């Protein structure tokens, strides 16, 4: 009855790519790096690892470090759009995010980030999971192309949120994109309503 929308955090709400590149360059100023226009594929670690031996591990250490997640900047229009989306009649919004393997900071910082931008009351809307296919909803807005897990037939339609790593990707019909938060997300939502 209410339309349910899952909104991914990294690469959709939070600027993981920009914050990573900045911190990587400051920490490792003598290593080569991947400019955002050159990013391809979801896994930053795999691309950096192909660039040079040992770079995978150095990339991983950036997001394993304290304050990495907390200090991510919101992507343009993300906060405003999700706030309006959640205020819409017959619309329930959840933030669906995958923590990393190292769990000392990431869970905590992700809660703190959501509190900071959306307020205490929005914390109730967070789902942390490595498997999104077991979360049921009408829509999932997420920048990762390949979303898989234990449920072979997820209830949501995956709308690919555009990011540097996926912008060149040709999708198979009928898969569809949300180009940025300036794009017409209301029309995508409305297309799933009765």
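Numbering follows the first chain given and starts at 1.
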query: 129 to 137 set against 31 to 39, stretch whose average Cα temperature factor tops the other in the entry; finding: 31 to 39
query: 62 to 70 set against 146 to 154, stretch whose average Cα temperature factor tops the other in the entry; finding: 146 to 154
query: Residue 102, C-alpha B-factor rank within chain (lowest, middle or highest third); finding: highest
query: Position of residue 2 among the chain's modelled residues by C-alpha B-factor, lowest, middle or highest third; finding: highest
query: Assigned third (lowest, middle, highest) for the C-alpha B factor of residue 174; finding: highest
query: Entry-reported Cα temperature factor of residue 163, expressed as the chain third it lands in; finding: lowest
query: Chain-wide C-alpha B factor ranking for residue 88, given as lowest, middle or highest third; finding: highest
